[PDB]
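Q: Below is one structure. I have some questions about it.
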Amino acid sequence: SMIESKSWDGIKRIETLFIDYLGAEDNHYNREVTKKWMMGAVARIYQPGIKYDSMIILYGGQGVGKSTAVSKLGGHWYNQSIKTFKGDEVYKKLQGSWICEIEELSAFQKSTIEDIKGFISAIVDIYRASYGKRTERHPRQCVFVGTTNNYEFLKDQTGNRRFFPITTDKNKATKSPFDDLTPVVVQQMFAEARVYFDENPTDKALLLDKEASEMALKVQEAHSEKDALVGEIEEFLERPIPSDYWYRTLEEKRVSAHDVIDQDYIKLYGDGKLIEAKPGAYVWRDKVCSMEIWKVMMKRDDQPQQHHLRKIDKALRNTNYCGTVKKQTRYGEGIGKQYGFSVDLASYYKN
Amino acid sequence: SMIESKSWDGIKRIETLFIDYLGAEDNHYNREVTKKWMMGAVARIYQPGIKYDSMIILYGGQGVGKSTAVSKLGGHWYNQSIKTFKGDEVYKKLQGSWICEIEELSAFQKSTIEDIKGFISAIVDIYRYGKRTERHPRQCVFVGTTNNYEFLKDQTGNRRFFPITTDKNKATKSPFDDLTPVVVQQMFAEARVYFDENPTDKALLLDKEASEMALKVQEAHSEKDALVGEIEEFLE
Amino acid sequence: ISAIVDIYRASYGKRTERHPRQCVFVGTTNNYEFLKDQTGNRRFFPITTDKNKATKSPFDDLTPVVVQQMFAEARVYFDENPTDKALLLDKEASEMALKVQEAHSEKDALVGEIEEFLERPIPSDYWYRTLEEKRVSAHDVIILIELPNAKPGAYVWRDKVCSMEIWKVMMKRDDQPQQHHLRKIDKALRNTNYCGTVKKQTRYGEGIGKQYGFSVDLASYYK
Amino acid sequence: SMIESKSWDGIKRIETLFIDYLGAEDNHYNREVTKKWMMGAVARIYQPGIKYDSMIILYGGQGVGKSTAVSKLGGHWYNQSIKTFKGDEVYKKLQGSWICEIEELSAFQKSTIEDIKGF
Ligand SMILES: Nc1ncnc2c1ncn2[C@@H]1O[C@H](COP(=O)(O)OP(=O)(O)OP(O)(O)=S)[C@@H](O)[C@H]1O
Ligand SMILES: Nc1ncnc2c1ncn2[C@@H]1O[C@H](COP(=O)(O)OP(=O)(O)OP(O)(O)=S)[C@@H](O)[C@H]1O
Ligand SMILES: Nc1ncnc2c1ncn2[C@@H]1O[C@H](COP(=O)(O)OP(=O)(O)OP(O)(O)=S)[C@@H](O)[C@H]1O
Ligand SMILES: [Mg+2]
């Protein structure tokens, strides 16, 4: 009834919603993502089972007004009680809720990425009523928008395509959500969203544009917490190692791997190099092991725990030089016969 | 109804399920384990309370279409909304589910692996307005989809998790366009035929050589502990 | 604290009802630095009480008549403008409240150390140096162009800062940092006024490699 | 009902159960322990309070079929649910099971010496 209370005027408000109410930059990504979120909300109202695994995340200052803007859009159906993603109670809390706010991403701290994906991407809520006799099977009519104050809130890098961060700034806000997001204005926003959705009512219409998706990937990486080990591993792997390197003891292996030459002095020919008998003296690395990284690159002597090599293996896989399958080979006196990668520096030395 | 909606003509689709759709290897282990998985699914449908503790696990990139292929196989009765595996209410989440998929985005904790072992190991569920209504069937068959290459930690979990390595650019058929309800129905009819040739749980087990080289695969997908080699070098 | 509605189902209830929050919160503390947030604490309003400066005693003088009179006065003031905006503090009160909240909050001592480290001029060839050379040159104490008792342009202002550069050069630590160390260094860098807020990938050196870092602008410092 | 469903013919297959099905050596210790284990199983299903502190641990390769032999022995009453000896959850998973299997002795890794000895 609210959506159809008034016909849309034609003012095109939803695209610049967070742009001029919260100060988000006037990118194509922001416009597309806010438009798609509004259409997704209207779709979940009109098609209660429609698929939608996206969610907006609003980053900004303490006083910018993110929660107030979400509350105005939610109105009576706004939800502020999703503090966890586990248990059967939250699905009951999503009954009369349409716009749901993961305030401060509090649930994120408690939950795991799999739980977040399962909660966001669900379609139905299977639970019996308090006094009913039969399970009710309510479709999921709620759409999720989270607000945060921490810049680097996406700690994981495996599943992050769902979250679309938006960077707000109070100084950039032309309007104010406190007195300008009147119920008539949100009604006119949702009317426009309904018009756009009706232009093509399908679950694929809620996906982002190709250019919008291309910026979305970059923004998700910019808001994702990075691993600084992979850069160090890559720099260590890019060092030419002398020929007959695996036949040296560990003590001289460390000094050979820690004699660093500038990349201008390589004087390469694709594979051969004269670092200034010289052409064959040094050669690119052919293999690397997690234990070799532990003992040679980090100059460690204590026996490493399992999680250290788990982290080193993750870093080596994230490295663009190493593959993904591990082969068993002898590495040296301190490393022994180990499962290691086959580093191929083809991406490197193409300079 | 769907499995018996149409009989099975001779096409031999059961063996090359994940090979030509997810770019797996044309290996005897892959064919045998995919065939046994489909037979286990149709057996759990037909002989509801059966002993089938195996679990296909698919490894691949972020977009090889393993979850899409699993959803295409499951249809309406595909399930992914299972994230915790210990407790009592979990058995309620299995009511309308046939193919349950466990997706591992980030690395599972050591407890979660034991939880999924003890979950897929069950063959019966108990729920409830009288007579305790023991939901004996347990028609569910489980498939996991993992992002990390090395997902096996314990030696206990081996011999029950059957990993399959899925690659891209080598898949003959696209899972987004070629897994249609007709083809999956024909595959399940073929599985019905093969399982009905020997309706027993012993028929769901792998071939002897298939199992012995499944041991090799499970070793190739497990953590290495990296210390036996150093001790060997010290001893040498 | 900021929540306005609680959605939940009562003990003997039919549905998960929405309950507007009719309660107002006050806290009493004995610790001084009780605010543990460094980003901001606008909602909290620390009031520093002190006995021997109390002209009246809450144990004897706060009779229910007195509190009823206080709440009647509050109702009068609110009814002068029955709006949420009326509840907001005065423009001067807000400016003083910002200072009070930062006074009663916990401080990140790493931020000052980071800022001091970034203020040291570095040799023009700083990035084309060994890690030990970087530790030697950066750790010395040192008229946009500088003359630290040398030729002009031998020392310039820093333009890139990495968390691993902080970990390896400023702290001079050869230990491999846990992710919680680099998270703290990243927060310290973001709270720095010289440092920006968006990280861009660039290669730093032999021990650091190609890693995401900030472009640092010392315009505030040398001016 | 199953135990006395059919009388016992004098075949003498109790003392060599693990000997000729799992390949254990033909020691006197092996025969005695497996015979006493089966006698204790029958006792505990007949005299529920009987005191039987023993439990047989089958050590062997990963293909000898220890779990298979144990499951065949147990029948519909075989249990592999137990994973730890801490709390009342183990007692609640130990009620409807005649034979309980400590898979890979995982519980032994997750519990103290005193806890496993008491349980
Ligand atoms: N009626 C109002 N008129 C103007 N400003 C208001 C009003 N109500 C609250 N504010 C101010 O708006 C800011 C709080 O708005 P919120 O929606 O809580 O912002 P937020 O950025 O979501 O906050 P957090 O703390 O990050 S959840 C504070 O500066 C308040 O003083
Ligand atoms: N026509 C298409 N339809 C659907 N997805 C497509 C299509 N073309 C490419 N894709 C991509 O294929 C992937 C589909 O994979 P999913 O089934 O959603 O999850 P997945 O393949 O299992 O990967 P993970 O590691 O589990 S998230 C997504 O990354 C899509 O962007
Ligand atoms: N028909 C068969 N004949 C012989 N061996 C078989 C046959 N079917 C399966 N196996 C093997 O028997 C083993 C089955 O494992 P289980 O039943 O748990 O017994 P197990 O050998 O103790 O294994 P674990 O890991 O120690 S519990 C696997 O090694 C299979 O390869
Ligand atoms: Mg807020």
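By order of appearance in the structure tokens: chains A, B, ..., then residues from 1 within every chain, and ligands from 1 in the order shown.
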Just want the 8 Å neighbourhood of residue 319 of chain A, counted on only C-alpha atoms, with same-chain residues fewer than 3 positions away dropped. Output as an mmCIF file with C-alpha atoms, in the first residue's frame.

A:
```
data_model
loop_
_atom_site.group_PDB
_atom_site.id
_atom_site.type_symbol
_atom_site.label_atom_id
_atom_site.label_comp_id
_atom_site.auth_asym_id
_atom_site.auth_seq_id
_atom_site.Cartn_x
_atom_site.Cartn_y
_atom_site.Cartn_z
ATOM 1 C CA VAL A 230 52.587 -12.753 0.079
ATOM 2 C CA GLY A 231 54.601 -9.708 -0.973
ATOM 3 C CA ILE A 233 57.338 -14.333 -0.302
ATOM 4 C CA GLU A 234 57.222 -12.956 -3.846
ATOM 5 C CA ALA A 315 50.752 -17.184 1.102
ATOM 6 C CA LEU A 316 52.580 -19.334 -1.457
ATOM 7 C CA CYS A 322 53.720 -20.746 -7.467
#
```

Q: Contacts of residue 23 of chain A at 6 Å or less, counting only C-alpha atoms, minus same-chain residues fewer than 2 places along, as a ChimeraX atom specification?

A: /A:19-21,168-170,172-173

Q: Select from chain D everything DSSP, run on the backbone, classes as strand (DSSP E or B), then give the selection as a ChimeraX atom specification.

A: /D:78-79,99-100

Q: Restricting it to C-alpha atoms, dump the selection as a short mmCIF file (atom, residue, chain, number, x, y, z; two decimals), in the first residue's frame.

A:
```
data_model
loop_
_atom_site.label_atom_id
_atom_site.label_comp_id
_atom_site.auth_asym_id
_atom_site.auth_seq_id
_atom_site.Cartn_x
_atom_site.Cartn_y
_atom_site.Cartn_z
CA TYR D 78 26.76 -50.91 16.73
CA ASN D 79 27.59 -47.28 17.74
CA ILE D 99 28.64 -52.13 21.26
CA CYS D 100 30.38 -48.70 21.17
#
```

Q: Name the residues of segment 88-151 of chain A that come out as alpha helix (DSSP H) in a backbone DSSP run; write them as an NGL selection string.

A: :A and (89-93 or 106-110 or 113-120)

Q: Please check the contacts: residues of chain C at most 8 Å away from chain A, using only C-alpha atoms, listed as a VMD selection string.

A: chain C and resid 3 5 to 8 13 to 16 39 to 40 42 128 130 164 174 to 176 179 198 to 199 206 to 212

Q: Quick one: residues within 12 Å of ligand 4, with only C-alpha atoms and all ligand atoms, as JSON, numbers by chain?

A: {"A": [57, 58, 59, 60, 61, 62, 63, 64, 65, 66, 67, 68, 69, 70, 71, 80, 101, 102, 103, 104, 105, 106, 145, 146, 147, 148, 149], "C": [1, 2, 3, 4, 41, 42, 43]}

Q: Would you work out the distance separating atom CA of residue 54 of chain C from atom CA of residue 91 of chain C, expressed in Å to one decimal?

A: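 Taking atom CA of residue 54 of chain C as the start and atom CA of residue 91 of chain C as the end point, the length is 27.6 Å.
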
Q: Once you count only C-alpha atoms and all ligand atoms, which residues end up within 6 Å of ligand 2, and could you hand them over as a ChimeraX atom specification?

A: /B:61-68,147,176

Q: List all protein, DNA and RNA residues that have at least one atom no more than 10 Å from any atom of ligand 3, counting only C-alpha atoms and all ligand atoms, and write them as a PyMOL selection string.

A: (chain B and resi 155-160+202-215) or (chain D and resi 22+58-71+101-104)

Q: Taking a cut-off of 7 Å and counting only C-alpha atoms and all ligand atoms, can you build a table that, for each residue of chain C near ligand 1, reports the nearest atom pair and how far apart they are in Å (one decimal), sorted by chain then residue number, as JSON lines?

A:
```
{"residue": "C:2", "atom": "CA", "partner": "ligand 1", "partner_atom_place_in_ligand_line": "18 (O)", "distance": 6.7}
{"residue": "C:84", "atom": "CA", "partner": "ligand 1", "partner_atom_place_in_ligand_line": "1 (N)", "distance": 4.8}
{"residue": "C:85", "atom": "CA", "partner": "ligand 1", "partner_atom_place_in_ligand_line": "1 (N)", "distance": 3.9}
{"residue": "C:88", "atom": "CA", "partner": "ligand 1", "partner_atom_place_in_ligand_line": "31 (O)", "distance": 5.8}
```

Q: Save out the residues we just selected, N, CA and C atoms, as a short mmCIF file (atom, residue, chain, number, x, y, z; two decimals), in the first residue's frame.

A:
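So the final result, stored in again_28.cif, reads:
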```cif
data_model
loop_
_atom_site.label_atom_id
_atom_site.label_comp_id
_atom_site.auth_asym_id
_atom_site.auth_seq_id
_atom_site.Cartn_x
_atom_site.Cartn_y
_atom_site.Cartn_z
N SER C 2 22.40 2.86 21.27
CA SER C 2 21.73 3.65 20.25
C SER C 2 20.44 3.04 19.74
N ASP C 84 12.89 14.91 18.69
CA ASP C 84 14.19 14.26 19.01
C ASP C 84 15.32 15.29 18.90
N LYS C 85 15.20 16.24 17.97
CA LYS C 85 16.25 17.28 17.76
C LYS C 85 16.41 18.09 19.05
N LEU C 88 18.97 16.80 21.48
CA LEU C 88 20.41 16.97 21.12
C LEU C 88 21.03 18.12 21.92
#
```
